[PDB]
Amino acid sequence: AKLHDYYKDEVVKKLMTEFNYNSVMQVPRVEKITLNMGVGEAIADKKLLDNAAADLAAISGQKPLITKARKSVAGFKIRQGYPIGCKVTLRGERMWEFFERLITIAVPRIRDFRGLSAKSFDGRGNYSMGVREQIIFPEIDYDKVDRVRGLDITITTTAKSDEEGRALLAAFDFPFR
Amino acid sequence: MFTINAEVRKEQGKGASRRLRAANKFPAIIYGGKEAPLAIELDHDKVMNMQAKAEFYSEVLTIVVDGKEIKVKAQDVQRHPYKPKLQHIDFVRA
Amino acid sequence: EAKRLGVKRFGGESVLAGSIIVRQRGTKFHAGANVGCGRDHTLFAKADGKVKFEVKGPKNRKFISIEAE
Amino acid sequence: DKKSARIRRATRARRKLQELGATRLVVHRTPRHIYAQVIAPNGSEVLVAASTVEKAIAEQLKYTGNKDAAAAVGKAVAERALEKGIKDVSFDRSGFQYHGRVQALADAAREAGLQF
RNA sequence: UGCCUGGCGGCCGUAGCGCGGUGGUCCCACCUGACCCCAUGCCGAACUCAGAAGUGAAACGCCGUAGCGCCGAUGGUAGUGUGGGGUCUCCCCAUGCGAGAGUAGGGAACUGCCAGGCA
RNA sequence: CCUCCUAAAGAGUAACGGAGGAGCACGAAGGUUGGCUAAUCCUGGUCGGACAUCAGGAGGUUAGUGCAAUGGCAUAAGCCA
RNA sequence: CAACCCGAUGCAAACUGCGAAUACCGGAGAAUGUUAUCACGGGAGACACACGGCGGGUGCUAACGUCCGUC
């Protein structure tokens, strides 16, 4: 809502102006956000998985769902049905507010800020990267930090091409590569 | 410009084909268009002499059957596996 | 022991209720009208009449049907 | 896709009812409009059908699609069927969820004087 | 009723796949919120509650394209039942049934019932 | 006891002929109602060696379908409540 | 030197996108057959078969070899 109205007010206008779109909704529309935590060390201990899931629930508006094993391989000694990590499926006011809070402060304040990548796309306009040092987020305070852990952030959009992702990055102003 | 001699056909079957091949001859067919496809008997050595020509691959054949001149073309030819004998030929009224 | 297999009753043959048409290990035929599949994947008639074979479905599955007299 | 999933879910009852070979009442739902029909055992003929888009039954409805609209459509279908003489049709909810407007129209049809 | 759209059957690669174009009159799709009908192994994830906010876009209906793909003759060929012959590892003869592949050709399917709009 | 050949487009059909599994198991691994749908590759990924899991694309049952095998299983006979 | 790979290039008693004729089963029909068909009851006999054609298992695709189904 708070970010949704501003988005519809200005991002849509600039996107339609640049892409000379005819249909009102031909401008890209965000479907959801996914915040996954695939460390892979969960075999060593299960308490870390629970703590990270609690941290994800605290930072977001919902508790992530756990993800079980996909296919076992003898070499790496991994079984079936054993949870390893979890993901938050941000949709609605929750994703809107969380993304707003992130883009406000979290992104600028990162060490070795060389800029995000605009070429890394799956192939249909979904931007799915991974970032370490969760301490970047404000909700993870030194009181509750357990260990420097990574995460995977993806933006699921109705767009079917990378040009739409580039346009969305431009709307976000894309500080630099 | 090319001369062709044709004879009527009345028998059908593997036995008929064997008889035609044993008589120093063999059958052939013409098919295509709304006109009913039909079989025509041809001989062996004389038809081989005709087929020896290298321009057959790009020539319209003038079949003379029942006192009638018909323009056709052979899209496919059935040849004996290894022996140098022809057992059947295909034609289309081009 | 050699377990029996095959179509006991073919198309166009009169059948009565409770008569197995084809006793198949798997499912090579499927019941249609007045035909039932048992726990052992055996097709049996549920009425009296003639038997018929048809092919239909996305995979061209064979159906066994029965038409009353 | 939604329509494909709905159709394939309905397919179970749709094919199962064929062996029974009895008249079946089905209803298609959409927020815009609600349609209903009473298909004969052959599966290609219908004794009665209604549609919210048609004003004959939607004149009294505040909108074509709503809970009251579904109830009214179910009642109209049931009473038309009763006067036509369906003789104890069966029920099929087009592979939908029996918790909302489909449930309301089914209850309306049941109370209209039906025995399904 | 001439057309478009939707639902209910058949047929199951002639209905399929690729490519270009068209569609909001009606229908369908999209959307926010959901504390209420309904529910999340979290999420309004799906379904459901309100309808058009507007659009016809992802999707979906339709036209063209014979590109891919599919069906596929006549004829011939391999094979084989019957009786016989031969130089009897196998071939042929008289006779009946006949392949597959491929050629010609077909085709962008067709069809039964009901509903809305465009007349 | 069971699965596949010899075994000649029905069944059966011989050799001290040719190749294999089992004496099981569940009070859930059964029933009902409502839902869901693979192995396999690529893309980015402190740990990542290509070969823990992760978000997206294709794939369309080569996965799985308790035991050896056979025939079936996508409507699933596979998975959740 | 050589995987996956396009074309292929050979084979498959346990391979089939396709796919015969014969052999088996059901229905209808002219014809011929001393009912030649089935059920019941009384009475048996036989219970080391041999050779040959047809298509094969096997043997070293050498032997009047070995075993199959039919005649």
# chains A, B, ... in the order shown; residues from 1 in each chain; ligands from 1
$ interface_residues --of "chain A" --to "chain E" --cutoff "12 Å" --atoms "only C-alpha atoms (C1' of nucleotides)" --output "ChimeraX atom specification"
/A:1,4-5,21-29,31-35,53-54,56-57,60-68,86-95,124,157-161
$ select_by_dssp --residues "chain B" --states "strand (DSSP E)" --output "number ranges by chain"
B: 25-31, 38-43, 61-65, 68-72, 77-79, 86-92
$ residues_around --residues "residue 22 of chain C" --least-positions-apart "5" --cutoff "7 Å" --atoms "only C-alpha atoms (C1' of nucleotides)" --output "number ranges by chain"
C: 6-9, 42-43
$ write_last_selection --atoms "C-alpha atoms" --output "CSV table (one decimal), in the first residue's frame"
chain,number,residue,atom,x,y,z
C,6,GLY,CA,-5.3,-64.0,-22.4
C,7,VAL,CA,-8.8,-63.0,-23.4
C,8,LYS,CA,-11.3,-65.6,-22.1
C,9,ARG,CA,-14.2,-64.1,-24.1
C,42,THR,CA,-9.8,-58.9,-14.0
C,43,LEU,CA,-12.6,-57.6,-16.2
$ residues_around --residues "segment 108-114 of chain D" --least-positions-apart "3" --cutoff "6 Å" --atoms "only C-alpha atoms (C1' of nucleotides)" --output "list in words"
residues 71, 74, 75, 78 and 105 of chain D
$ closest_atom_pairs --of "chain F" --to "chain C" --cutoff "10 Å" --atoms "only C-alpha atoms (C1' of nucleotides)" --output "JSON lines"
{"residue": "F:1", "atom": "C1'", "partner": "C:1", "partner_atom": "CA", "distance": 9.1}
{"residue": "F:2", "atom": "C1'", "partner": "C:1", "partner_atom": "CA", "distance": 8.7}
{"residue": "F:10", "atom": "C1'", "partner": "C:6", "partner_atom": "CA", "distance": 7.7}
{"residue": "F:11", "atom": "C1'", "partner": "C:4", "partner_atom": "CA", "distance": 7.4}
{"residue": "F:12", "atom": "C1'", "partner": "C:2", "partner_atom": "CA", "distance": 8.8}
{"residue": "F:70", "atom": "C1'", "partner": "C:25", "partner_atom": "CA", "distance": 9.1}
{"residue": "F:71", "atom": "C1'", "partner": "C:26", "partner_atom": "CA", "distance": 4.6}
{"residue": "F:72", "atom": "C1'", "partner": "C:26", "partner_atom": "CA", "distance": 4.2}
{"residue": "F:73", "atom": "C1'", "partner": "C:27", "partner_atom": "CA", "distance": 8.8}
$ write_last_selection --atoms "N, CA and C atoms (P, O5', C5', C4', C3', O3' and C1' of nucleotides)" --output "PDB file, in the first residue's frame"
ATOM      1  P     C F   1       5.486 -75.840  -5.879  1.00  0.00           P
ATOM      2  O5'   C F   1       5.232 -74.270  -5.829  1.00  0.00           O
ATOM      3  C5'   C F   1       4.108 -73.739  -5.145  1.00  0.00           C
ATOM      4  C4'   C F   1       4.301 -72.282  -4.812  1.00  0.00           C
ATOM      5  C3'   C F   1       4.572 -71.361  -5.990  1.00  0.00           C
ATOM      6  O3'   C F   1       3.403 -71.004  -6.706  1.00  0.00           O
ATOM      7  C1'   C F   1       6.123 -70.902  -4.278  1.00  0.00           C
ATOM      8  P     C F   2       3.448 -70.892  -8.309  1.00  0.00           P
ATOM      9  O5'   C F   2       4.210 -69.519  -8.576  1.00  0.00           O
ATOM     10  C5'   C F   2       3.676 -68.294  -8.097  1.00  0.00           C
ATOM     11  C4'   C F   2       4.710 -67.196  -8.080  1.00  0.00           C
ATOM     12  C3'   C F   2       5.271 -66.768  -9.426  1.00  0.00           C
ATOM     13  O3'   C F   2       4.407 -65.917 -10.159  1.00  0.00           O
ATOM     14  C1'   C F   2       7.042 -67.033  -7.897  1.00  0.00           C
ATOM     15  P     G F  10      -0.607 -67.342 -31.178  1.00  0.00           P
ATOM     16  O5'   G F  10      -1.435 -67.280 -29.820  1.00  0.00           O
ATOM     17  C5'   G F  10      -2.368 -66.238 -29.579  1.00  0.00           C
ATOM     18  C4'   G F  10      -3.483 -66.696 -28.673  1.00  0.00           C
ATOM     19  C3'   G F  10      -3.074 -67.603 -27.524  1.00  0.00           C
ATOM     20  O3'   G F  10      -2.547 -66.888 -26.420  1.00  0.00           O
ATOM     21  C1'   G F  10      -4.956 -68.520 -28.614  1.00  0.00           C
ATOM     22  P     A F  11      -1.126 -67.299 -25.792  1.00  0.00           P
ATOM     23  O5'   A F  11      -1.475 -68.500 -24.809  1.00  0.00           O
ATOM     24  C5'   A F  11      -2.370 -68.312 -23.723  1.00  0.00           C
ATOM     25  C4'   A F  11      -2.856 -69.631 -23.175  1.00  0.00           C
ATOM     26  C3'   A F  11      -1.776 -70.648 -22.841  1.00  0.00           C
ATOM     27  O3'   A F  11      -1.172 -70.421 -21.580  1.00  0.00           O
ATOM     28  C1'   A F  11      -3.486 -71.697 -24.089  1.00  0.00           C
ATOM     29  P     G F  12       0.413 -70.614 -21.397  1.00  0.00           P
ATOM     30  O5'   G F  12       0.623 -72.189 -21.499  1.00  0.00           O
ATOM     31  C5'   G F  12      -0.016 -73.072 -20.588  1.00  0.00           C
ATOM     32  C4'   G F  12      -0.023 -74.488 -21.105  1.00  0.00           C
ATOM     33  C3'   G F  12       1.337 -75.079 -21.443  1.00  0.00           C
ATOM     34  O3'   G F  12       2.015 -75.584 -20.305  1.00  0.00           O
ATOM     35  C1'   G F  12      -0.160 -75.484 -23.225  1.00  0.00           C
ATOM     36  P     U F  70      11.732 -56.655 -15.098  1.00  0.00           P
ATOM     37  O5'   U F  70      10.359 -57.301 -15.582  1.00  0.00           O
ATOM     38  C5'   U F  70      10.347 -58.433 -16.439  1.00  0.00           C
ATOM     39  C4'   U F  70       8.975 -59.056 -16.503  1.00  0.00           C
ATOM     40  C3'   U F  70       7.843 -58.113 -16.883  1.00  0.00           C
ATOM     41  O3'   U F  70       7.731 -57.930 -18.284  1.00  0.00           O
ATOM     42  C1'   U F  70       7.222 -59.351 -14.969  1.00  0.00           C
ATOM     43  P     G F  71       7.485 -56.465 -18.894  1.00  0.00           P
ATOM     44  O5'   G F  71       5.924 -56.227 -18.697  1.00  0.00           O
ATOM     45  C5'   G F  71       4.973 -57.071 -19.328  1.00  0.00           C
ATOM     46  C4'   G F  71       3.582 -56.818 -18.807  1.00  0.00           C
ATOM     47  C3'   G F  71       3.152 -55.361 -18.755  1.00  0.00           C
ATOM     48  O3'   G F  71       2.691 -54.883 -20.007  1.00  0.00           O
ATOM     49  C1'   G F  71       2.624 -56.418 -16.703  1.00  0.00           C
ATOM     50  P     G F  72       2.369 -53.322 -20.206  1.00  0.00           P
ATOM     51  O5'   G F  72       1.057 -53.092 -19.333  1.00  0.00           O
ATOM     52  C5'   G F  72       0.616 -51.781 -19.020  1.00  0.00           C
ATOM     53  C4'   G F  72      -0.135 -51.748 -17.715  1.00  0.00           C
ATOM     54  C3'   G F  72      -0.199 -50.393 -17.028  1.00  0.00           C
ATOM     55  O3'   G F  72      -1.217 -49.561 -17.556  1.00  0.00           O
ATOM     56  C1'   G F  72       0.427 -52.044 -15.456  1.00  0.00           C
ATOM     57  P     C F  73      -0.933 -48.002 -17.813  1.00  0.00           P
ATOM     58  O5'   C F  73      -0.861 -47.387 -16.347  1.00  0.00           O
ATOM     59  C5'   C F  73      -1.930 -47.571 -15.432  1.00  0.00           C
ATOM     60  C4'   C F  73      -1.586 -47.041 -14.064  1.00  0.00           C
ATOM     61  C3'   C F  73      -0.924 -45.674 -14.028  1.00  0.00           C
ATOM     62  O3'   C F  73      -1.846 -44.609 -14.168  1.00  0.00           O
ATOM     63  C1'   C F  73       0.253 -47.151 -12.614  1.00  0.00           C
TER      64        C F  73
END
$ select_by_dssp --residues "chain D" --states "alpha helix (DSSP H)" --output "PDB file with N, CA and C atoms, in the first residue's frame"
ATOM      1  N   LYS D   3      -8.814 -23.515 -15.335  1.00  0.00           N
ATOM      2  CA  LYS D   3      -9.890 -24.256 -15.984  1.00  0.00           C
ATOM      3  C   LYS D   3      -9.496 -25.710 -16.211  1.00  0.00           C
ATOM      4  N   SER D   4      -8.252 -25.953 -16.629  1.00  0.00           N
ATOM      5  CA  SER D   4      -7.808 -27.325 -16.853  1.00  0.00           C
ATOM      6  C   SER D   4      -7.832 -28.127 -15.558  1.00  0.00           C
ATOM      7  N   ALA D   5      -7.332 -27.541 -14.467  1.00  0.00           N
ATOM      8  CA  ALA D   5      -7.342 -28.240 -13.187  1.00  0.00           C
ATOM      9  C   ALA D   5      -8.766 -28.525 -12.732  1.00  0.00           C
ATOM     10  N   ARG D   6      -9.662 -27.545 -12.875  1.00  0.00           N
ATOM     11  CA  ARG D   6     -11.054 -27.756 -12.493  1.00  0.00           C
ATOM     12  C   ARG D   6     -11.683 -28.876 -13.310  1.00  0.00           C
ATOM     13  N   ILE D   7     -11.460 -28.868 -14.625  1.00  0.00           N
ATOM     14  CA  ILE D   7     -12.041 -29.895 -15.483  1.00  0.00           C
ATOM     15  C   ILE D   7     -11.508 -31.266 -15.102  1.00  0.00           C
ATOM     16  N   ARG D   8     -10.201 -31.374 -14.859  1.00  0.00           N
ATOM     17  CA  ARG D   8      -9.642 -32.689 -14.573  1.00  0.00           C
ATOM     18  C   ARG D   8     -10.100 -33.184 -13.206  1.00  0.00           C
ATOM     19  N   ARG D   9     -10.259 -32.273 -12.244  1.00  0.00           N
ATOM     20  CA  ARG D   9     -10.830 -32.658 -10.958  1.00  0.00           C
ATOM     21  C   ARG D   9     -12.259 -33.158 -11.124  1.00  0.00           C
ATOM     22  N   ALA D  10     -13.064 -32.457 -11.925  1.00  0.00           N
ATOM     23  CA  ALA D  10     -14.441 -32.887 -12.145  1.00  0.00           C
ATOM     24  C   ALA D  10     -14.501 -34.213 -12.893  1.00  0.00           C
ATOM     25  N   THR D  11     -13.470 -34.514 -13.688  1.00  0.00           N
ATOM     26  CA  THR D  11     -13.494 -35.700 -14.537  1.00  0.00           C
ATOM     27  C   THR D  11     -13.810 -36.966 -13.755  1.00  0.00           C
ATOM     28  N   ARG D  12     -13.354 -37.060 -12.505  1.00  0.00           N
ATOM     29  CA  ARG D  12     -13.631 -38.256 -11.714  1.00  0.00           C
ATOM     30  C   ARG D  12     -15.129 -38.529 -11.660  1.00  0.00           C
ATOM     31  N   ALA D  13     -15.889 -37.599 -11.078  1.00  0.00           N
ATOM     32  CA  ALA D  13     -17.332 -37.779 -10.970  1.00  0.00           C
ATOM     33  C   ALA D  13     -17.989 -37.801 -12.344  1.00  0.00           C
ATOM     34  N   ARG D  14     -17.481 -36.995 -13.280  1.00  0.00           N
ATOM     35  CA  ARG D  14     -18.087 -36.938 -14.606  1.00  0.00           C
ATOM     36  C   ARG D  14     -18.078 -38.308 -15.273  1.00  0.00           C
ATOM     37  N   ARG D  15     -16.947 -39.012 -15.210  1.00  0.00           N
ATOM     38  CA  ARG D  15     -16.862 -40.338 -15.807  1.00  0.00           C
ATOM     39  C   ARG D  15     -17.551 -41.386 -14.942  1.00  0.00           C
ATOM     40  N   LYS D  16     -17.497 -41.236 -13.616  1.00  0.00           N
ATOM     41  CA  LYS D  16     -18.131 -42.217 -12.742  1.00  0.00           C
ATOM     42  C   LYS D  16     -19.641 -42.240 -12.940  1.00  0.00           C
ATOM     43  N   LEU D  17     -20.251 -41.068 -13.130  1.00  0.00           N
ATOM     44  CA  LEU D  17     -21.701 -41.005 -13.272  1.00  0.00           C
ATOM     45  C   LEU D  17     -22.174 -41.666 -14.561  1.00  0.00           C
ATOM     46  N   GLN D  18     -21.299 -41.772 -15.564  1.00  0.00           N
ATOM     47  CA  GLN D  18     -21.711 -42.356 -16.837  1.00  0.00           C
ATOM     48  C   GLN D  18     -22.139 -43.807 -16.666  1.00  0.00           C
ATOM     49  N   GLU D  19     -21.403 -44.575 -15.858  1.00  0.00           N
ATOM     50  CA  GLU D  19     -21.791 -45.960 -15.616  1.00  0.00           C
ATOM     51  C   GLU D  19     -23.166 -46.035 -14.966  1.00  0.00           C
ATOM     52  N   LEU D  20     -23.440 -45.140 -14.014  1.00  0.00           N
ATOM     53  CA  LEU D  20     -24.763 -45.101 -13.401  1.00  0.00           C
ATOM     54  C   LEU D  20     -25.830 -44.764 -14.434  1.00  0.00           C
ATOM     55  N   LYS D  55     -31.326 -12.004 -18.352  1.00  0.00           N
ATOM     56  CA  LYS D  55     -32.038 -11.174 -17.387  1.00  0.00           C
ATOM     57  C   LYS D  55     -33.306 -11.830 -16.857  1.00  0.00           C
ATOM     58  N   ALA D  56     -33.803 -12.875 -17.522  1.00  0.00           N
ATOM     59  CA  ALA D  56     -35.047 -13.510 -17.097  1.00  0.00           C
ATOM     60  C   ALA D  56     -34.994 -13.913 -15.628  1.00  0.00           C
ATOM     61  N   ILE D  57     -33.824 -14.332 -15.151  1.00  0.00           N
ATOM     62  CA  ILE D  57     -33.647 -14.717 -13.754  1.00  0.00           C
ATOM     63  C   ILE D  57     -32.787 -13.735 -12.977  1.00  0.00           C
ATOM     64  N   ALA D  58     -32.120 -12.795 -13.647  1.00  0.00           N
ATOM     65  CA  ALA D  58     -31.251 -11.830 -12.992  1.00  0.00           C
ATOM     66  C   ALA D  58     -31.897 -10.459 -12.837  1.00  0.00           C
ATOM     67  N   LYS D  67     -23.964 -14.387  -3.839  1.00  0.00           N
ATOM     68  CA  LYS D  67     -24.503 -15.531  -3.106  1.00  0.00           C
ATOM     69  C   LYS D  67     -26.015 -15.629  -3.278  1.00  0.00           C
ATOM     70  N   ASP D  68     -26.711 -14.496  -3.169  1.00  0.00           N
ATOM     71  CA  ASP D  68     -28.151 -14.495  -3.402  1.00  0.00           C
ATOM     72  C   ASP D  68     -28.468 -14.895  -4.836  1.00  0.00           C
ATOM     73  N   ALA D  69     -27.637 -14.464  -5.787  1.00  0.00           N
ATOM     74  CA  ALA D  69     -27.848 -14.844  -7.179  1.00  0.00           C
ATOM     75  C   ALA D  69     -27.712 -16.348  -7.360  1.00  0.00           C
ATOM     76  N   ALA D  70     -26.701 -16.950  -6.732  1.00  0.00           N
ATOM     77  CA  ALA D  70     -26.529 -18.395  -6.820  1.00  0.00           C
ATOM     78  C   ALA D  70     -27.712 -19.122  -6.199  1.00  0.00           C
ATOM     79  N   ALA D  71     -28.176 -18.653  -5.039  1.00  0.00           N
ATOM     80  CA  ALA D  71     -29.331 -19.284  -4.406  1.00  0.00           C
ATOM     81  C   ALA D  71     -30.563 -19.189  -5.298  1.00  0.00           C
ATOM     82  N   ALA D  72     -30.803 -18.015  -5.886  1.00  0.00           N
ATOM     83  CA  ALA D  72     -31.964 -17.842  -6.753  1.00  0.00           C
ATOM     84  C   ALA D  72     -31.858 -18.713  -7.997  1.00  0.00           C
ATOM     85  N   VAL D  73     -30.662 -18.806  -8.582  1.00  0.00           N
ATOM     86  CA  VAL D  73     -30.477 -19.642  -9.764  1.00  0.00           C
ATOM     87  C   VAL D  73     -30.726 -21.103  -9.420  1.00  0.00           C
ATOM     88  N   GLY D  74     -30.215 -21.556  -8.275  1.00  0.00           N
ATOM     89  CA  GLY D  74     -30.474 -22.924  -7.857  1.00  0.00           C
ATOM     90  C   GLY D  74     -31.951 -23.191  -7.646  1.00  0.00           C
ATOM     91  N   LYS D  75     -32.650 -22.255  -7.001  1.00  0.00           N
ATOM     92  CA  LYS D  75     -34.084 -22.424  -6.789  1.00  0.00           C
ATOM     93  C   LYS D  75     -34.833 -22.479  -8.116  1.00  0.00           C
ATOM     94  N   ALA D  76     -34.487 -21.590  -9.049  1.00  0.00           N
ATOM     95  CA  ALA D  76     -35.150 -21.587 -10.348  1.00  0.00           C
ATOM     96  C   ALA D  76     -34.891 -22.887 -11.097  1.00  0.00           C
ATOM     97  N   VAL D  77     -33.645 -23.362 -11.080  1.00  0.00           N
ATOM     98  CA  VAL D  77     -33.326 -24.623 -11.740  1.00  0.00           C
ATOM     99  C   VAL D  77     -34.132 -25.754 -11.121  1.00  0.00           C
ATOM    100  N   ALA D  78     -34.189 -25.802  -9.789  1.00  0.00           N
ATOM    101  CA  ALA D  78     -34.891 -26.888  -9.117  1.00  0.00           C
ATOM    102  C   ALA D  78     -36.382 -26.865  -9.427  1.00  0.00           C
ATOM    103  N   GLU D  79     -37.003 -25.682  -9.410  1.00  0.00           N
ATOM    104  CA  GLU D  79     -38.443 -25.621  -9.651  1.00  0.00           C
ATOM    105  C   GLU D  79     -38.775 -25.914 -11.112  1.00  0.00           C
ATOM    106  N   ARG D  80     -37.964 -25.408 -12.048  1.00  0.00           N
ATOM    107  CA  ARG D  80     -38.166 -25.760 -13.450  1.00  0.00           C
ATOM    108  C   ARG D  80     -38.025 -27.261 -13.652  1.00  0.00           C
ATOM    109  N   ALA D  81     -37.014 -27.865 -13.025  1.00  0.00           N
ATOM    110  CA  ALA D  81     -36.811 -29.302 -13.142  1.00  0.00           C
ATOM    111  C   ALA D  81     -37.982 -30.075 -12.550  1.00  0.00           C
ATOM    112  N   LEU D  82     -38.494 -29.625 -11.402  1.00  0.00           N
ATOM    113  CA  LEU D  82     -39.624 -30.305 -10.779  1.00  0.00           C
ATOM    114  C   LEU D  82     -40.858 -30.249 -11.670  1.00  0.00           C
ATOM    115  N   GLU D  83     -41.136 -29.086 -12.266  1.00  0.00           N
ATOM    116  CA  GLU D  83     -42.290 -29.000 -13.154  1.00  0.00           C
ATOM    117  C   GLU D  83     -42.071 -29.798 -14.435  1.00  0.00           C
ATOM    118  N   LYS D  84     -40.822 -29.915 -14.894  1.00  0.00           N
ATOM    119  CA  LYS D  84     -40.540 -30.686 -16.100  1.00  0.00           C
ATOM    120  C   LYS D  84     -40.605 -32.191 -15.859  1.00  0.00           C
ATOM    121  N   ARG D 101     -21.002 -20.454  -2.831  1.00  0.00           N
ATOM    122  CA  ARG D 101     -22.202 -20.236  -3.630  1.00  0.00           C
ATOM    123  C   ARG D 101     -22.750 -21.541  -4.192  1.00  0.00           C
ATOM    124  N   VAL D 102     -21.872 -22.484  -4.539  1.00  0.00           N
ATOM    125  CA  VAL D 102     -22.341 -23.789  -4.996  1.00  0.00           C
ATOM    126  C   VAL D 102     -23.129 -24.478  -3.891  1.00  0.00           C
ATOM    127  N   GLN D 103     -22.633 -24.406  -2.654  1.00  0.00           N
ATOM    128  CA  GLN D 103     -23.372 -24.975  -1.532  1.00  0.00           C
ATOM    129  C   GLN D 103     -24.709 -24.271  -1.345  1.00  0.00           C
ATOM    130  N   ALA D 104     -24.724 -22.944  -1.479  1.00  0.00           N
ATOM    131  CA  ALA D 104     -25.966 -22.199  -1.301  1.00  0.00           C
ATOM    132  C   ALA D 104     -27.005 -22.614  -2.336  1.00  0.00           C
ATOM    133  N   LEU D 105     -26.597 -22.700  -3.604  1.00  0.00           N
ATOM    134  CA  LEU D 105     -27.543 -23.078  -4.650  1.00  0.00           C
ATOM    135  C   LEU D 105     -27.970 -24.533  -4.505  1.00  0.00           C
ATOM    136  N   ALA D 106     -27.064 -25.406  -4.057  1.00  0.00           N
ATOM    137  CA  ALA D 106     -27.442 -26.793  -3.818  1.00  0.00           C
ATOM    138  C   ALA D 106     -28.487 -26.893  -2.716  1.00  0.00           C
ATOM    139  N   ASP D 107     -28.305 -26.140  -1.629  1.00  0.00           N
ATOM    140  CA  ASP D 107     -29.293 -26.147  -0.556  1.00  0.00           C
ATOM    141  C   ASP D 107     -30.619 -25.568  -1.033  1.00  0.00           C
ATOM    142  N   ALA D 108     -30.567 -24.510  -1.848  1.00  0.00           N
ATOM    143  CA  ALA D 108     -31.793 -23.950  -2.402  1.00  0.00           C
ATOM    144  C   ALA D 108     -32.531 -24.981  -3.246  1.00  0.00           C
ATOM    145  N   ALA D 109     -31.799 -25.709  -4.090  1.00  0.00           N
ATOM    146  CA  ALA D 109     -32.423 -26.748  -4.901  1.00  0.00           C
ATOM    147  C   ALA D 109     -33.010 -27.848  -4.028  1.00  0.00           C
ATOM    148  N   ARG D 110     -32.291 -28.245  -2.976  1.00  0.00           N
ATOM    149  CA  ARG D 110     -32.793 -29.285  -2.085  1.00  0.00           C
ATOM    150  C   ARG D 110     -34.097 -28.855  -1.423  1.00  0.00           C
ATOM    151  N   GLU D 111     -34.149 -27.617  -0.929  1.00  0.00           N
ATOM    152  CA  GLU D 111     -35.351 -27.133  -0.261  1.00  0.00           C
ATOM    153  C   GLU D 111     -36.472 -26.808  -1.238  1.00  0.00           C
TER     154      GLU D 111
END
$ interface_residues --of "chain C" --to "chain G" --cutoff "9 Å" --atoms "only C-alpha atoms (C1' of nucleotides)" --output "ChimeraX atom specification"
/C:8-14
$ residues_around --residues "residue 51 of chain A" --least-positions-apart "5" --cutoff "9 Å" --atoms "only C-alpha atoms (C1' of nucleotides)" --output "PDB file with C-alpha atoms, in the first residue's frame"
ATOM      1  CA  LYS A  46      19.538 -28.476  13.484  1.00  0.00           C
ATOM      2  CA  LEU A  56      13.676 -14.744   8.931  1.00  0.00           C
ATOM      3  CA  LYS A 144      20.604 -12.314  18.254  1.00  0.00           C
ATOM      4  CA  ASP A 146      24.732 -16.418  15.794  1.00  0.00           C
TER       5      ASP A 146
END
$ residues_around --residues "residue 63 of chain F" --least-positions-apart "2" --cutoff "7 Å" --atoms "only C-alpha atoms (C1' of nucleotides)" --output "ChimeraX atom specification"
/F:38-39,61
$ atom_distance --atom1 "atom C1' of residue 116 of chain E" --atom2 "atom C1' of residue 26 of chain E"
5.2 Å
$ interface_residues --of "chain D" --to "chain E" --cutoff "8 Å" --atoms "only C-alpha atoms (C1' of nucleotides)" --output "list in words"
residues 28, 39, 43, 44, 45, 46, 49, 50, 51, 53, 54, 97, 99 and 100 of chain D
$ write_last_selection --atoms "C-alpha atoms" --output "mmCIF file, in the first residue's frame"
data_model
loop_
_atom_site.group_PDB
_atom_site.id
_atom_site.type_symbol
_atom_site.label_atom_id
_atom_site.label_comp_id
_atom_site.auth_asym_id
_atom_site.auth_seq_id
_atom_site.Cartn_x
_atom_site.Cartn_y
_atom_site.Cartn_z
ATOM 1 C CA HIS D 28 -20.629 -23.699 -13.701
ATOM 2 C CA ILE D 39 -27.882 -33.057 -18.532
ATOM 3 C CA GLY D 43 -24.542 -36.723 -21.768
ATOM 4 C CA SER D 44 -25.433 -34.644 -24.844
ATOM 5 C CA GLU D 45 -28.975 -33.404 -24.077
ATOM 6 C CA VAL D 46 -30.330 -31.119 -21.359
ATOM 7 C CA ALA D 49 -30.648 -24.662 -18.258
ATOM 8 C CA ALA D 50 -30.238 -21.250 -16.628
ATOM 9 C CA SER D 51 -27.706 -18.428 -16.854
ATOM 10 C CA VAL D 53 -26.262 -13.307 -17.742
ATOM 11 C CA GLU D 54 -29.803 -13.766 -19.044
ATOM 12 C CA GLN D 97 -15.541 -26.671 -3.622
ATOM 13 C CA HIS D 99 -18.433 -24.417 0.750
ATOM 14 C CA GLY D 100 -19.772 -21.238 -0.898
#
$ residues_around --residues "segment 52-62 of chain B" --least-positions-apart "2" --cutoff "12 Å" --atoms "only C-alpha atoms (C1' of nucleotides)" --output "PyMOL selection string"
chain B and resi 1-6+30+45-50+64-65+67-77+84+90-94
$ interface_residues --of "chain F" --to "chain A" --cutoff "12 Å" --atoms "only C-alpha atoms (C1' of nucleotides)" --output "VMD selection string"
chain F and resid 38 to 40 42 to 49 51 to 58 63 to 64 79
$ atom_distance --atom1 "atom CA of residue 111 of chain A" --atom2 "atom CA of residue 165 of chain A"
24.7 Å
